[PDB]
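Scroll down for the structure; my scribbles are underneath it.
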Amino acid sequence: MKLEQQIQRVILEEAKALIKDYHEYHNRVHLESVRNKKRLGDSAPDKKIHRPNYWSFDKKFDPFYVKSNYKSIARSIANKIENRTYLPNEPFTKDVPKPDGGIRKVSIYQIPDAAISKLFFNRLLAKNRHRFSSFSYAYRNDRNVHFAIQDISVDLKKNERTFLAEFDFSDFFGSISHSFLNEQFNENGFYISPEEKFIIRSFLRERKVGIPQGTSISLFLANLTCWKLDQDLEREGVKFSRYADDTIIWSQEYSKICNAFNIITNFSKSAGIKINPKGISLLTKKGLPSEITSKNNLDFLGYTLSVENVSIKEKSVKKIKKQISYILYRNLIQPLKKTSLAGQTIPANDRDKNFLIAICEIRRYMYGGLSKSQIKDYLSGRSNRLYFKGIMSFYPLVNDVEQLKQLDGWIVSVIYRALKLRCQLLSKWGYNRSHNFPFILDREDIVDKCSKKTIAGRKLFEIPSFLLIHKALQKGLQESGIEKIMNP
Amino acid sequence: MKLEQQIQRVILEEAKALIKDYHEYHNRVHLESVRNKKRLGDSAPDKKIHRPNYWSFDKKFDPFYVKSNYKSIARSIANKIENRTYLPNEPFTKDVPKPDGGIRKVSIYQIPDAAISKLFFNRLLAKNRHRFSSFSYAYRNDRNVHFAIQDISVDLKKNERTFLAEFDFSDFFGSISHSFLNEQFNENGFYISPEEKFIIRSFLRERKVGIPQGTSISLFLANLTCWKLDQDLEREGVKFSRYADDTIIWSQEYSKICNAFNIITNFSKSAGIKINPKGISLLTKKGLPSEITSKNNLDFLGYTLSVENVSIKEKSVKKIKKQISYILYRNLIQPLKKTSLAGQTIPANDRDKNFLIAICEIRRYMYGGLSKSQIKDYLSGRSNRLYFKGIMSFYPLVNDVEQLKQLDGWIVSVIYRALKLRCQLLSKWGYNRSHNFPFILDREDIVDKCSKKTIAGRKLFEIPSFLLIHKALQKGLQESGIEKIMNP
Amino acid sequence: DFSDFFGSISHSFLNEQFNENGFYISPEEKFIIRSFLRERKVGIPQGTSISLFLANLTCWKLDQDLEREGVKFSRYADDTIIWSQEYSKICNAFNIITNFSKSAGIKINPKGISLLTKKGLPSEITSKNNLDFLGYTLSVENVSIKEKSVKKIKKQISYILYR
Amino acid sequence: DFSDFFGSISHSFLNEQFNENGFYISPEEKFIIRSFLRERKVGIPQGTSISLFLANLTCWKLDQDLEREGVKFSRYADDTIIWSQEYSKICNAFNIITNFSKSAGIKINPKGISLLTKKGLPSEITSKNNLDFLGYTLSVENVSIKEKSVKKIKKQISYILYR
RNA sequence: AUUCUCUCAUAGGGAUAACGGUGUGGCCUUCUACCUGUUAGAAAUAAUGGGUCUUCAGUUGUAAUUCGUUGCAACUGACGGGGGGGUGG
């Protein structure tokens, strides 16, 4: 297996995956444009298939071109690596505003450069796994971050009083002395071959200071850079997790967390660059007081972790409510707020197709399309497997029944109100439909009536419930684990 | 995928693997008996193909019978699991003397029971992997134990004064209250499904107290029982590794190791069973003194780890010397110490076939059959891969060049002395061959002369050297890692 | 060994402790204390009715400091034994005793420091698997009669039979 | 022994310390420091006018760390002695010196660790009741002249009389 | 041309219209409780078209119990938010 063959393999697969993604993109756009024509009648806009803009910045960003000449590309890349002249091209970088007011520098390397990054740095991470800390992650969407969440959650329950602290490492990785990185190359039992060292130095040379974040090489260089910070924090007895440019350190002792602060400051000085807290607090059982500034809830990604429960963060609940509310608005209100209703089917005969489309869209967003019969079959023993998709697949560690119960109520209420406004708008247009099925149900009757309705023998009006799929998720976590549900 | 199909798959594969092993066993015995007939002439004994004795204790121990009726076996096992009546049969146990004077209770479960143990406890270990400690191992032959060795080695170098302590957990696992195990089932975030809990309780019910050691279910129940000991030791800041019934805890502070002693005592009291040290010492750079009782070498499996180097334990070196010496004795002396030399080819014409056989056997034991040309091709860049087999594949972390150099000298000296005694015995029988090639070389000439000789165009006389394959091991650990070289 | 402490303890230190640690000493009891101390010149009379009170009154701060360090201890006559599960604690207790000695103007000397472990198990520091507490030998496994005491018992029985 | 530290200390480390710890080094003083270091290649010239400044500038962080640990210390030429009343402190000082050694890219080796106690009283760890500080033997009880110094004095007096 | 093929190949040449995907339905097959017409049929079932629950906690009875707990009834306790304006207890 020569290096050129490996490079050809990886580049071809990367380009092929991007081509598959684009094909599915435009196919989805066509299907959605058909449905939107049916929805908004003549007012429905026209399709506009785009192509990722960065594809035109350079031709090696474009997957189609890279597939066209991946053999020559890999031939030259292999020669450049063997002659120690390879230097990755400039990533198409795009700084994006962050909620704190900072900038997250998104970096997209060209397909050959990204393929090389994967090929080499995945090997490096695999061969140096046991030298790294447990909860070190590169992307905040990394699925395995949930394991760190589990850890903290468990402690926050077992330890009814936990001192936590949060840190931002954004400037550390934006500007870390490459000399410090190069020093760490031969420490901590790391196994980096001379060619892998050359590739590391090449990607660092294309940069000037700092590690490219949100990239294939991010995790390795971050772990290689922070290995002494992790060792010092582990000797202090503090537990910690780094995800992207964030770090959370927790302990049952205040002295430990303060010493961790000192450790981080010393490591910052050794790095020639500063790490600043977002800073330090105590999480305690609700009701119980605290000495130091305290908070009874911690926002870990899309989770609010408390000593009592794991819940969905308020921003995430707002996002979920936004999606459901927009589904109902787009299917049941927006079409009827257009200038003309030409080509828009009007509910009649006790059938509102728009309501079926909206309920099914909400079911996909929540359940992934599962029927309540399927979920109960899984929860009873009838079925030995249930596919876990939708929003709740991203919140597998939630155990707050009250939050899900409140969201159930909110779904029913919003369905009632959107249907009511739809009836009002329809009557304004000239269609009186208050007596029909979709618009006659009281809010306390929607769930039952919809549960009973059946089209094609399948109950496609049942109002999706978060609590049912939460029960299913708990059973699937006790049967498969986080990794299995998170990705089947 | 029903449970019966899973059981059938796993049982069929276990029985098939055992059948393949037996087939290769008797085939190897026949090949070896052919070569032994050629070696020892008429005096050579006759082949005696055995069958593992436990195969007759029960019919489900025998792989052939299990393959005969694995469908019925799995059918009944599945019904027993679903009706919650399954109980593993009695393992064929054989308690064996241990070097400390204790007994290591070997347990072989019948093929169906061992298949169930793998099927379920491998799933449990995979799904709870992030809940366990880093360096927890079930068998002392576990390849991954080398990662723990690496860690300690690295620390013993970086920390030039490290306090260590060793413990024996044999009696813990021999008699651990099953109530304690059952209590741990719903702690530390463990995901154990109800059926997995039933299987755990069933394997524990077949036993009465203790966890079966050296089995598929050993690691899960050991980690599940020792999860709190690991958590307390991790908060103390001590680093530790458990392998089979042994535990090593190291730190850079004395107070930490003493607090770990206290932690282990408290966990023993909570368990109702005691853990006893083998006990506590300080490793320091050689030459530097120590305050407490100190040792400048630590025996970790087949390794002697010191602040300066990782070397092969003295017992492992004695075993290596035993094997090489017996190769030379069996091939060059034993045949000639027999009553008659009927059918034993006598060295003549400057060719000793027995010497080629011995050199090749030593090369297989040491290199795996590699030629020094192959190893140098790998060490130069000509070859991108070298298969790492033989004895040194079990000591990949060795970095003591003096030890390997001394073993090289010993190999050459033993080759000379055995050849000399072979010449003496041959002349006793009536064959004067001191002038012939095998018996004329001085000790300081064996390596060169043998390197020059070539049979079939391949240098099959070159005296195997530990230092060459050690250089190759270092390159292959900087290129692939421990896992790749240990298993390809 | 606290023998020299009680043989020569500044009576000023004792008189200072009179109104500390919540002690209730009436004026007449203070007069009697001072009278028995005046019949003496320095030190507390040992093996007497007044020994325990004045010793406890003098060592009240040493006891409080040792109790905050987490060490357990017992004083009997002119002897003190301090035990712990931590080495740092016992060394800190040594420092506490030295500081209290300086505050008293008189020194306390060990008989000194060791570790008691289960028999067979080794030790880092100088270790002993048996501690002589009065007529007892106390070990991690058993409580036995000290060897001197067993000799005394054998002496009595043997002399009974001889006589 | 700091001998090899000063024989080979990275001049980059020295130059990094120039603007830390509140040091006031003028640009011309920096030029003279760099010039003397350039005449050398690695290490500080020992037994010279520039020795103390560069040694103190190089060891300022080791001194701060040891001072935070509560250990007391003295560096004289290529020698360092660190004393404390706690064992944990001296071990942590060992760790500090090793870390500072790594940061400097040069190793510092002990001559190593012991306990000085009043004569007669025992010790747990390897102990010595005398410490050789230059021409002095310092003990818990007295400061005396080292045996080599007494031999040298006797040599001189004896040779006066002989001559 | 995003297909196919050549150049000591992160770029350039050619030759052909194909290549790469998407929704629906079909078969294959993975797992899926019960009651039912009406089609086949001799009660063995299959495709079909309608319907019901299926989870968790405690109490009590019962059987096992290596003293962690486990199977079965069978009774109730939850199992679809919040807010604004009036209004009754």
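Identifiers in this document derive from the order of the structure tokens: chains are assigned A, B, ..., residues are numbered from 1 separately in each chain, and ligands are numbered from 1 in order of occurrence.
Inside segment 199-253 of chain A, the residues DSSP reads as helix (DSSP H, G or I) when given the backbone are residues 199, 200, 201, 202, 203, 204, 205, 206, 218, 219, 220, 221, 222, 223, 224, 225, 227, 228, 229, 230, 231, 232, 233, 234 and 235 of chain A.
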- [ ] Mind checking which residues fall within 9 Å of residue 140 of chain C, counting only C-alpha atoms (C1' of nucleotides), ignoring those fewer than 3 positions away in the same chain, and posting them as a PyMOL selection string?
- [x] chain C and resi 116-119+129-130+143
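The interface of chain C with chain B at 6 Å, considering only C-alpha atoms, consists of residues 122, 124 and 125 of chain C.
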Task: Counting only C-alpha atoms, chain C residues within 10 Å of chain D, as a ChimeraX atom specification - done: /C:87-88,91-92,94-95,109-115,124-127
Open item on the list: Env of residue 126 of chain B: 12 Å cut, atoms = only C-alpha atoms (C1' of nucleotides), seq-sep filter 3 positions within chain, self excluded. Answer as an MDAnalysis selection string.
Closed with: (chainID A and resid 479:484) or (chainID B and resid 118:123 129:132 190:192 219:220)
Any chance you can output those residues with N, CA and C atoms as a PDB file, in the first residue's frame?
```pdb
ATOM      1  N   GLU A 479     -30.656  -0.483  26.874  1.00  0.00           N
ATOM      2  CA  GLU A 479     -30.486  -1.650  26.028  1.00  0.00           C
ATOM      3  C   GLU A 479     -29.303  -1.559  25.077  1.00  0.00           C
ATOM      4  N   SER A 480     -28.908  -0.358  24.653  1.00  0.00           N
ATOM      5  CA  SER A 480     -27.869  -0.234  23.636  1.00  0.00           C
ATOM      6  C   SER A 480     -26.724   0.674  24.061  1.00  0.00           C
ATOM      7  N   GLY A 481     -27.027   1.745  24.777  1.00  0.00           N
ATOM      8  CA  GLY A 481     -26.037   2.735  25.146  1.00  0.00           C
ATOM      9  C   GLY A 481     -26.167   3.995  24.311  1.00  0.00           C
ATOM     10  N   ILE A 482     -25.366   4.992  24.683  1.00  0.00           N
ATOM     11  CA  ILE A 482     -25.447   6.290  24.020  1.00  0.00           C
ATOM     12  C   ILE A 482     -25.062   6.159  22.552  1.00  0.00           C
ATOM     13  N   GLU A 483     -23.950   5.474  22.276  1.00  0.00           N
ATOM     14  CA  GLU A 483     -23.419   5.435  20.916  1.00  0.00           C
ATOM     15  C   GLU A 483     -24.415   4.806  19.954  1.00  0.00           C
ATOM     16  N   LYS A 484     -25.089   3.741  20.379  1.00  0.00           N
ATOM     17  CA  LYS A 484     -25.991   3.038  19.476  1.00  0.00           C
ATOM     18  C   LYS A 484     -27.194   3.896  19.103  1.00  0.00           C
TER      19      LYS A 484
ATOM     20  N   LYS B 118     -19.624 -14.379  26.215  1.00  0.00           N
ATOM     21  CA  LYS B 118     -19.085 -13.417  25.264  1.00  0.00           C
ATOM     22  C   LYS B 118     -20.196 -12.540  24.709  1.00  0.00           C
ATOM     23  N   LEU B 119     -21.259 -13.159  24.186  1.00  0.00           N
ATOM     24  CA  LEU B 119     -22.306 -12.398  23.516  1.00  0.00           C
ATOM     25  C   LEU B 119     -22.831 -11.274  24.394  1.00  0.00           C
ATOM     26  N   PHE B 120     -22.992 -11.528  25.689  1.00  0.00           N
ATOM     27  CA  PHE B 120     -23.653 -10.554  26.544  1.00  0.00           C
ATOM     28  C   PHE B 120     -22.668  -9.609  27.217  1.00  0.00           C
ATOM     29  N   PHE B 121     -21.591 -10.143  27.786  1.00  0.00           N
ATOM     30  CA  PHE B 121     -20.677  -9.307  28.534  1.00  0.00           C
ATOM     31  C   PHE B 121     -19.772  -8.482  27.628  1.00  0.00           C
ATOM     32  N   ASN B 122     -19.519  -8.909  26.384  1.00  0.00           N
ATOM     33  CA  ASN B 122     -18.848  -8.019  25.444  1.00  0.00           C
ATOM     34  C   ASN B 122     -19.724  -6.817  25.119  1.00  0.00           C
ATOM     35  N   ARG B 123     -21.021  -7.043  24.917  1.00  0.00           N
ATOM     36  CA  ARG B 123     -21.938  -5.930  24.703  1.00  0.00           C
ATOM     37  C   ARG B 123     -21.946  -5.000  25.904  1.00  0.00           C
ATOM     38  N   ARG B 129     -18.127   1.323  28.317  1.00  0.00           N
ATOM     39  CA  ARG B 129     -16.677   1.457  28.246  1.00  0.00           C
ATOM     40  C   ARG B 129     -16.193   2.746  28.896  1.00  0.00           C
ATOM     41  N   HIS B 130     -16.867   3.862  28.629  1.00  0.00           N
ATOM     42  CA  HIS B 130     -16.431   5.148  29.155  1.00  0.00           C
ATOM     43  C   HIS B 130     -16.696   5.299  30.645  1.00  0.00           C
ATOM     44  N   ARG B 131     -17.453   4.385  31.245  1.00  0.00           N
ATOM     45  CA  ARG B 131     -17.669   4.399  32.683  1.00  0.00           C
ATOM     46  C   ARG B 131     -16.551   3.712  33.450  1.00  0.00           C
ATOM     47  N   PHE B 132     -15.714   2.934  32.774  1.00  0.00           N
ATOM     48  CA  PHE B 132     -14.662   2.171  33.423  1.00  0.00           C
ATOM     49  C   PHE B 132     -13.376   2.985  33.495  1.00  0.00           C
ATOM     50  N   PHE B 190     -24.006   3.106  34.755  1.00  0.00           N
ATOM     51  CA  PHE B 190     -23.955   1.852  34.020  1.00  0.00           C
ATOM     52  C   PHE B 190     -25.278   1.591  33.315  1.00  0.00           C
ATOM     53  N   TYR B 191     -25.194   1.057  32.103  1.00  0.00           N
ATOM     54  CA  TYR B 191     -26.361   0.676  31.314  1.00  0.00           C
ATOM     55  C   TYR B 191     -26.399  -0.845  31.245  1.00  0.00           C
ATOM     56  N   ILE B 192     -27.205  -1.456  32.106  1.00  0.00           N
ATOM     57  CA  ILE B 192     -27.390  -2.901  32.131  1.00  0.00           C
ATOM     58  C   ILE B 192     -28.878  -3.163  31.944  1.00  0.00           C
ATOM     59  N   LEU B 219     -13.993  -9.268  33.298  1.00  0.00           N
ATOM     60  CA  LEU B 219     -13.704  -7.838  33.247  1.00  0.00           C
ATOM     61  C   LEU B 219     -14.914  -7.004  33.639  1.00  0.00           C
ATOM     62  N   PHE B 220     -16.097  -7.341  33.124  1.00  0.00           N
ATOM     63  CA  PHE B 220     -17.266  -6.526  33.431  1.00  0.00           C
ATOM     64  C   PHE B 220     -17.543  -6.507  34.924  1.00  0.00           C
TER      65      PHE B 220
END
```
Proximity check chain B to chain E, 10 Å, nearest pairs one decimal Å, only C-alpha atoms (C1' of nucleotides), as JSON lines:
```
{"residue": "B:1", "atom": "CA", "partner": "E:30", "partner_atom": "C1'", "distance": 6.4}
{"residue": "B:2", "atom": "CA", "partner": "E:31", "partner_atom": "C1'", "distance": 7.4}
{"residue": "B:83", "atom": "CA", "partner": "E:71", "partner_atom": "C1'", "distance": 9.0}
{"residue": "B:84", "atom": "CA", "partner": "E:71", "partner_atom": "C1'", "distance": 8.5}
{"residue": "B:177", "atom": "CA", "partner": "E:68", "partner_atom": "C1'", "distance": 9.5}
{"residue": "B:178", "atom": "CA", "partner": "E:68", "partner_atom": "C1'", "distance": 7.1}
{"residue": "B:179", "atom": "CA", "partner": "E:68", "partner_atom": "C1'", "distance": 4.4}
{"residue": "B:180", "atom": "CA", "partner": "E:68", "partner_atom": "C1'", "distance": 7.3}
{"residue": "B:181", "atom": "CA", "partner": "E:68", "partner_atom": "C1'", "distance": 7.9}
{"residue": "B:182", "atom": "CA", "partner": "E:68", "partner_atom": "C1'", "distance": 5.0}
{"residue": "B:183", "atom": "CA", "partner": "E:68", "partner_atom": "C1'", "distance": 6.1}
{"residue": "B:184", "atom": "CA", "partner": "E:68", "partner_atom": "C1'", "distance": 9.5}
{"residue": "B:185", "atom": "CA", "partner": "E:68", "partner_atom": "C1'", "distance": 9.6}
{"residue": "B:198", "atom": "CA", "partner": "E:70", "partner_atom": "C1'", "distance": 9.1}
{"residue": "B:201", "atom": "CA", "partner": "E:68", "partner_atom": "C1'", "distance": 9.5}
{"residue": "B:204", "atom": "CA", "partner": "E:66", "partner_atom": "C1'", "distance": 9.3}
{"residue": "B:205", "atom": "CA", "partner": "E:66", "partner_atom": "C1'", "distance": 7.0}
{"residue": "B:206", "atom": "CA", "partner": "E:66", "partner_atom": "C1'", "distance": 9.5}
{"residue": "B:207", "atom": "CA", "partner": "E:66", "partner_atom": "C1'", "distance": 8.8}
{"residue": "B:208", "atom": "CA", "partner": "E:66", "partner_atom": "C1'", "distance": 6.1}
{"residue": "B:209", "atom": "CA", "partner": "E:66", "partner_atom": "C1'", "distance": 8.4}
```
TODO: List the neighbours of segment 340-345 of chain B out to 7 Å using only C-alpha atoms (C1' of nucleotides); skip same-chain residues closer than 4 positions along the sequence, and give me the result as JSON, numbers by chain.
DONE: {"B": [38, 39, 40, 41, 42, 336]}
Take the residues just selected and output them with C-alpha atoms as an mmCIF file, in the first residue's frame.
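Below you can see again20.cif, which holds the result:
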```cif
data_model
loop_
_atom_site.group_PDB
_atom_site.id
_atom_site.type_symbol
_atom_site.label_atom_id
_atom_site.label_comp_id
_atom_site.auth_asym_id
_atom_site.auth_seq_id
_atom_site.Cartn_x
_atom_site.Cartn_y
_atom_site.Cartn_z
ATOM 1 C CA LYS B 38 14.315 -37.519 10.872
ATOM 2 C CA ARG B 39 16.114 -36.022 13.893
ATOM 3 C CA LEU B 40 16.188 -38.955 16.332
ATOM 4 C CA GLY B 41 16.300 -41.752 13.764
ATOM 5 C CA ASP B 42 14.861 -45.064 14.900
ATOM 6 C CA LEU B 336 23.754 -37.738 19.514
#
```
Open item on the list: Just list as a list in words whatever in segment 99-239 of chain B DSSP marks as strand (DSSP E).
Closed with: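 Going through segment 99-239 of chain B, the strand (DSSP E) residues come out as residues 103, 104, 105, 106, 107, 108, 136, 137, 161, 162, 163, 164, 165, 166, 167, 168 and 239 of chain B.
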Residues as selected, C-alpha atoms, written as an mmCIF file, in the first residue's frame, can you do that?
```
data_model
loop_
_atom_site.group_PDB
_atom_site.id
_atom_site.type_symbol
_atom_site.label_atom_id
_atom_site.label_comp_id
_atom_site.auth_asym_id
_atom_site.auth_seq_id
_atom_site.Cartn_x
_atom_site.Cartn_y
_atom_site.Cartn_z
ATOM 1 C CA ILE B 103 -3.927 -21.118 43.581
ATOM 2 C CA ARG B 104 -5.189 -19.536 40.350
ATOM 3 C CA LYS B 105 -8.581 -21.149 39.769
ATOM 4 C CA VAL B 106 -8.870 -21.711 36.021
ATOM 5 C CA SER B 107 -12.487 -22.019 34.885
ATOM 6 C CA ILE B 108 -13.605 -23.306 31.478
ATOM 7 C CA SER B 136 -8.383 -2.160 33.924
ATOM 8 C CA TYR B 137 -7.572 -5.560 32.426
ATOM 9 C CA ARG B 161 10.970 9.862 42.099
ATOM 10 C CA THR B 162 7.733 7.850 42.033
ATOM 11 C CA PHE B 163 6.099 6.107 44.984
ATOM 12 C CA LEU B 164 4.533 2.804 43.934
ATOM 13 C CA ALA B 165 2.452 0.157 45.665
ATOM 14 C CA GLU B 166 1.257 -3.283 44.580
ATOM 15 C CA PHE B 167 -1.800 -5.270 45.657
ATOM 16 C CA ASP B 168 -3.325 -8.717 45.180
ATOM 17 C CA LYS B 239 -2.684 6.535 38.948
#
```
Open item on the list: Neighbouring residues of residue 59 of chain D were defined as those with any atom within 9 Å, considering only C-alpha atoms (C1' of nucleotides); residues of the same chain fewer than 5 positions away were excluded. Please report them as a VMD selection string.
Closed with: chain D and resid 54 64 100
For the residues selected in the previous step, produce a file with N, CA, C and O atoms as a PDB file, in the first residue's frame.
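Heads up, here's the output in result_5.pdb:
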```pdb
ATOM      1  N   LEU D  54      23.171  36.367  36.555  1.00  0.00           N
ATOM      2  CA  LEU D  54      22.551  35.426  35.633  1.00  0.00           C
ATOM      3  C   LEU D  54      22.007  34.206  36.359  1.00  0.00           C
ATOM      4  O   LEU D  54      20.976  33.660  35.953  1.00  0.00           O
ATOM      5  N   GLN D  64      10.768  31.390  43.436  1.00  0.00           N
ATOM      6  CA  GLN D  64       9.386  31.729  43.764  1.00  0.00           C
ATOM      7  C   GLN D  64       8.563  30.486  44.074  1.00  0.00           C
ATOM      8  O   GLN D  64       7.757  30.486  45.013  1.00  0.00           O
ATOM      9  N   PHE D 100      11.613  22.568  36.891  1.00  0.00           N
ATOM     10  CA  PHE D 100      12.437  23.686  36.450  1.00  0.00           C
ATOM     11  C   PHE D 100      13.599  23.195  35.596  1.00  0.00           C
ATOM     12  O   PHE D 100      13.986  23.852  34.619  1.00  0.00           O
TER      13      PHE D 100
END
```
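The coordinates place atom CA of residue 110 of chain B at 11.4 Å from atom CA of residue 65 of chain B.
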